[PDB]
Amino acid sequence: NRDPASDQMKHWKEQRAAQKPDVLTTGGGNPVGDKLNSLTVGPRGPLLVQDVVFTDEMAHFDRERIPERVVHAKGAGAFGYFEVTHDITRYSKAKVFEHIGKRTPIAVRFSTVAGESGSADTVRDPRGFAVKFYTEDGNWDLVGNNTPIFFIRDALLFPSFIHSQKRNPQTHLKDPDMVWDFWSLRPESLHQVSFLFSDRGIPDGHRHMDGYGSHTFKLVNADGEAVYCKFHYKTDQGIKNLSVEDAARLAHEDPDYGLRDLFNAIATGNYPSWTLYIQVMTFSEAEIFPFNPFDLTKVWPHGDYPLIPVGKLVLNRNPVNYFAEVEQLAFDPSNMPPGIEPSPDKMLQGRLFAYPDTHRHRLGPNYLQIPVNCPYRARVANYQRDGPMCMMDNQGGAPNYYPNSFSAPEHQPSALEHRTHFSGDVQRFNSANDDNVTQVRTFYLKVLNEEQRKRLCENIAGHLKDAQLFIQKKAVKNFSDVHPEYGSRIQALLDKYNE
């Protein structure tokens, strides 16, 4: 007949067949007698407050919407599991990696970045790749993207960055004067602004892009020896991007392209999968290493720090109810079980607060209690109580202060975080100059092929062409600071567009 997604209701009925339908009730469970005609005095008379059937349904409809994610509003999500296939026990003591074959339930959400909830899937914009691992040591959230780097390296620049990528404060339209102005004055974005305008910019679905932990992290073993690393999970279905035009029509053809693709895939037994890897770098290595190992606009090279195989990510389940299971999904980079710890990454360090914070605003103080966010394969026992919309039993009559002498939750010395020594004055160290070009250049020439090199410049100019001339010059100046031909090639394009 037609695709699985299209036949959503058709199947819901079929399976629910040979069953008397449920009795329509109110929020409180009172059976409604008639829900098609309001209660009025006389056929042409006014509506009566007496109609609580009405107010019940209407009041709830009046509140359906919650704020969309400040970033990554438009996204898709599914569920699967993570299977350890290799032993990195010597790096992490994290139960998630315990043994070979250790299955741990996961939840994933894919998303775009700037576009609101109604935007279209297939547009130039990075791709969010969130992974929630429901482990025995609580949940671990690997909040990644389909790229290993990022436009900036200091939290303070983030809000501002995002603004430029979004709408104008007054006209409310997308504004290139803000886009490029920000990028012009901020040349560190060069590495990412390239990757973005490259083929990878617009992936053909969520299944044909790679996952990247992006930031540098820390791994701890059962013997307290820590080491840094990067997370990588390559697509088993391979990298397949969309053409600028192909995606262009799809854009208005099917703005939910990603959604559709991901659904039917899993809906037909054709579950996608990713292979998780890790680059490991010692504290000595990070010591000698040659730009800041925590710079988010830089990447460790496979050459020196090679990719190690860790396990498999398999998505074999679709959300039953999208709002409840995907939209309400909350991923906190701060959720890191023992064996995994943050790293000095200024950027990351900031995310440590932003994410749980906004979640309390977007979803509510007790969000970790929403089914899909709850650490259910673990046991939440603590001294936190109440808060609005408190689910469960608020931990019943348990003593609510630590320490105590009434057998309340004890602590785990084992779970103590690895300690690192840090010297140096406490202040705001400038990081606007850490080489916003070396790595970039290598991508252009080394990583990029003559063919992509063309479309990149072309793609950039295609957009930059709408910005003030003075902004254009700045942008070209940085690209040429990456390599004469880069900017030169771009610049050439610019002049034509400028009629």
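We call the rigid core the largest set of C-alpha positions that still match within 1.5 Å between the two forms. Sequential numbering from 1, following the sequence displayed.
- prompt: How do 138-146 and 420-428 compare in 6 other deposited structures of this protein: which one has C-alphas farther from this form after the rigid core is matched?
  reply: Output: 420-428, the stretch lying farther off on average in 6 other deposited structures of this protein.
- prompt: Which wins on mean Cα temperature factor, 323-331 or 187-195?
  reply: Taking the mean C-alpha B-factor of 323-331 and of 187-195, the larger value falls to 187-195.
query: Between 209-217 and 370-378, which has the higher average C-alpha B-factor in the PDB entry?
result: So the stretch with the higher mean C-alpha B-factor is 209-217.
query: Looking at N430, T55, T438, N459, which has the highest Cα B-factor in the entry?
result: Max CA B-factor in the entry, restricted to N430, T55, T438, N459: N430.
query: In the PDB entry, which of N30, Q50, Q452, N37 has its C-alpha at the highest B-factor?
result: Result of the comparison over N30, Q50, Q452, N37: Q452.
message: Splitting the chain's C-alpha B-factors into thirds, which one does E341 fall into?
response: Lowest third - that is where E341 ends up once the chain's C-alpha B-factors are sorted.
- prompt: Thinking about Cα B factors across the chain, which third does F82 belong to?
  reply: It belongs to the lowest third of the chain when residues are ordered by C-alpha B-factor.
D141, C-alpha B-factor rank within chain (lowest, middle or highest third): Within its chain, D141 is a lowest-third residue by C-alpha B-factor, going by the deposited values.
task: Divide the modelled residues of the chain into thirds by Cα B-factor and specify which third, lowest, middle or highest, holds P399.
output: Lowest third of the chain for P399's C-alpha B-factor.
task: Quick one: classify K234 as lowest, middle or highest third of the chain based on its Cα B-factor.
output: Middle third by C-alpha B-factor.
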